[PDB]
Amino acid sequence: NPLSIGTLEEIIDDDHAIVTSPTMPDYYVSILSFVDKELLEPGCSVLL
Amino acid sequence: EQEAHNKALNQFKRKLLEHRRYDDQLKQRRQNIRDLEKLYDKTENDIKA
Amino acid sequence: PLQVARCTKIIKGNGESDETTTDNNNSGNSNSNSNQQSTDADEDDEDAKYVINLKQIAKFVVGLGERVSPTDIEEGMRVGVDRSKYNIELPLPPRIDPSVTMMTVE
Amino acid sequence: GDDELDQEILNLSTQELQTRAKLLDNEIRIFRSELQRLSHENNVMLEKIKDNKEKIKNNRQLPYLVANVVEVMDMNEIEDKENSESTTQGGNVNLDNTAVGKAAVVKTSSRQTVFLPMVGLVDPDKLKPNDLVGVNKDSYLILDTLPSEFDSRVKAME
Amino acid sequence: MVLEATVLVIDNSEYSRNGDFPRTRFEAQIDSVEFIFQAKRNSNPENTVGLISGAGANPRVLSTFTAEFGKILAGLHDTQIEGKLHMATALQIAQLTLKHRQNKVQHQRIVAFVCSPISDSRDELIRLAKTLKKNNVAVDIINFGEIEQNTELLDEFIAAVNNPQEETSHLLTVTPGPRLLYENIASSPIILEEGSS
C-alpha cells in the first residue's frame with residue numbers, strides 16, 4: 001500500500017513498460033507479479 | 001698552446017662552466033617554484049570555495 | 001524505476017571541456033582539456049559526457065554505464081537513468097509524444 | 001670562458017689561476033647546498049598540489065545540475081581591513097566574518113535562484129550574465145562552463 | 001656507531017660571521033651538518049638526525065629526527081645569526097628531544113658545536129654532565145670557539161660523563177685557523193665512536 005496510479009503510454013515486449021504518472025515523473029517500470037500482458041495495451045490505468 | 005701548464009687550465013676552464021651553470025640553475029628553480037605557487041594558489045582557492 | 005530522459009547534446013570525448021582548469025569554452029574547446037594540463041600533467045577526464053534533460057524538467061550531465069556503448073547514443077533518443085545518481089543504464093526507443101499512432105496501426 | 005684560459009696567461013700570472021680554481025671549488029660548494037635545498041622544497045610543493053586537486057576531481061565527475069547564470073554582481077575582493085563588500089553592513093572589523101568575495105547568482109532548472117560564492121577557478125571571463133553553467137547538485141558551487149543549450153529538433157536540423 | 005640518533009646543537013653567534021673558515025664560519029657549518037648526516041645514514045639507514053638552534057635567545061627545535069637531509073637544510077635556512085646559544089638550557093632541551101622519538105632502539109648522542117666563548121657558570125654544568133650518565137647519553141663537544149680566547153671548562157665535563165656505557169662522550173678539538181671545518185670534523189671520529197664498556 002499505496003498502489004500508485006500511473007497511466008500506461010505504451011508497452012515494450014521484454015517485460016517492461018513506460019508509464020507517465022499524472023504526478024509528473026515518467027518511470028521505466030517492469031511488468032512483474034500477478035499480471036497478464038494481454039490486459040495491458042494503451043490507455044490503461046495501473047497499480048504501481 | 002703557449003704553456004704546458006695550460007693543460008691544467010683546461011681543467012679550470014671546465015669548473016668555470018660548471019660554476020656559472022649552477023648560478024643559472026638557482027634562478028631557474030626559483031622561477032619553477034613561482035610557477036608551482038600560482039598553480040597551488042589556483043587550486044587552494046577552489047578548496048575555500 | 002529508471003527515470004526516462006532525453007538527449008539534448010552529445011559532447012565528444014576529444015574537446016570534452018569538463019576540466020576548464022587548463023581549458024576554455026568561452027574562447028576555446030581545443031581537442032583536449034586535460035592534455036594541456038601543467039598543474040601536474042594528469043589525465044582526469046572521462047571520454048564522452050552527454051546532457052540529458054529529464055521529464056521532471058531538471059537537466060543533468062550523464063555518461064555510460066558498465067556495458068552501455070557510446071555508439072548507441074543518438075540525438076533526441078530517450079534513455080533510462082538511475083533514479084538516484086543519474087547514469088545511463090539502458091537506452092530506450094526514441095519519442096513518447098506519439099501514442100494515438102499505436103491505435104491507427106491495424 | 002672569460003677567465004682561466006690563454007686570454008689570462010697574457011693578463012695574469014698562472015699561479016694566481018692555480019689559486020682561482022681552488023676558490024671556484026669553495027663557491028660551487030655553497031651553490032650545491034643551495035640547489036639541493038630548492039629541489040627538496042619543490043618535492044613538498046608538488047604533493048600539496050596533488051592534495052587540493054583530487055578533491056576537485058571528485059566533484060568534477062557526474063552527476064551535476066545544469067543551470068544558467070542570472071548575473072555576476074560581484075563583491076569587492078578580500079584584502080581589506082573593514083569588510084570587503086559593496087553593500088554596507090553594521091559593525092566594524094570584518095574580512096571573512098560575514099564578508100564574502102565575488103558573487104554569482106545562478107537560476108536552476110529546478111526553479112529557484114541561489115546566491116553562491118562563485119568558484120575561484122572559474123573566471124569572470126568565463127561567466128557572461130546568461131552563461132550556461134554547471135552547478136554541483138549536492139552543494140551549489142559553479143562546477144564548469146558548458147556551451148549554450150540546443151533543443152533536439154535544432155540538433156536534428158544539422 | 002650505527003642505530004644512533006643524534007641531535008645537532010648549532011651555535012649561532014657573531015663569532016661565526018668572522019673570517020675563520022672560507023667563505024665565513026656560518027657557511028662552513030652548513031657543509032658540516034650535512035657531512036655528519038650523510039655519514040650516519042650511509043652506514044645504516046635506521047639512523048636519523050635532527051637539528052636544534054640557539055637562534056632567538058632560548059633554543060628552538062627546527063626539525064625533529066629525520067632521514068631526509070633536505071629537511072635539516074631547509075631549517076638551517078631559517079635562522080637568526082644575532083642570537084645567542086646558552087649551553088645550560090641547550091643540554092636540557094636536547095635531553096628532552098632525545099626522549100621524543102618514534103623508536104627507543106636508537107643510542108643517545110648529542111653533537112653540540114660550540115663556536116662562542118663559553119660564559120656559563122662552571123658549577124651548574126658539572127651537575128648537567130652527571131645527569132647525562134644516568135640516562136645513558138653521550139655528548140660530543142666540538143671545540144673551536146673556546147680554544148681561541150677562553151679557559152677550557154668543557155674538558156672537565158667530558159671526564160665526568162665517562163663511565164662504562166653503550167655510547168660514552170668524546171672530546172674532539174678542531175683547529176680554528178683555516179683548514180676547512182668540514183674536512184676536519186669528517187676525519188675526526190663521528191661513526192667509529194666507541195663505548196667504554
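A quick note on method: Cβ atoms are made from the backbone with ideal geometry, for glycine too, and the neighbour counts reach across all protein chains shown. All of the numbers you see were taken from the coordinates with simple rules; none came from a lab.
Here chain B is treated as an ellipsoid with the same Cα gyration tensor; its semi-axes, largest first and in whole Å, are 48, 5, 4. Legend: Rg and Dmax of chain E, from Cα coordinates, 15.4, 42 Å. In the frame of its principal axes, segment C:1-105 has Cα extents of 60, 27, 25 Å, reported largest first. Dividing the alpha-carbon radius of gyration of segment C:27-88 by the rule-of-thumb value 2.2 N^0.38 Å gives 1.37.
As a ratio to 2.2 N^0.38 Å, the alpha-carbon radius of gyration for chain D is 1.94. Legend: mean number of C-beta atoms from other chains within 10 angstrom of residue C-beta atoms, peptide D:1-12, equals 4.
DSSP beta bridges fully contained in segment E:14-171 are about 30 percent antiparallel. Based on the Kirkwood approach, the hydrodynamic radius assigned to chain A is 10.9 Å, with every pair of different Cα atoms included.
For the segment D:50-56, counting C-beta atoms of other chains within 10 Å of every residue's C-beta and taking the mean gives 6. Give the dimensionless ratio obtained when the Cα radius of gyration of the protein assembly as shown is divided by 2.2 N^0.38 Å. Its radius of gyration relative to the 2.2 N^0.38 Å reference: 1.52. For chain D, the longest principal axis of the alpha carbon atoms and the long axis of helix D:23-60 meet at an angle near 10°.
For peptide A:15-27, the mean count of partner chain Cβ atoms within 10 Å of a residue's Cβ comes to 4. Under 1.5 on a/c is rounded, so check that first for segment E:1-59, then, if it is not, pick prolate when a/b is larger than b/c and oblate when it is not; a ≥ b ≥ c are the square roots of the alpha carbon gyration tensor eigenvalues. Taking the square roots of the gyration eigenvalues as a ≥ b ≥ c, segment E:1-59 is oblate.
The relative contact order of chain C, computed from alpha carbon pairs under 8 Å that lie at least 6 residues apart in sequence, is 29 percent.
Volume per residue of the convex hull around the Cα atoms, evaluated for segment D:59-148, comes out as 107 Å³. When both bridge partners sit in the protein assembly as shown, DSSP labels roughly 70% of those beta bridges antiparallel.
Rounded to the nearest angstrom and listed largest first, the equivalent-ellipsoid semi-axes of segment E:25-67 from its Cα gyration tensor are 22, 15, 5.
When the convex hull of its Cα atoms is viewed from all sides, segment E:34-112 shows a mean projected area of 5.1 nm².
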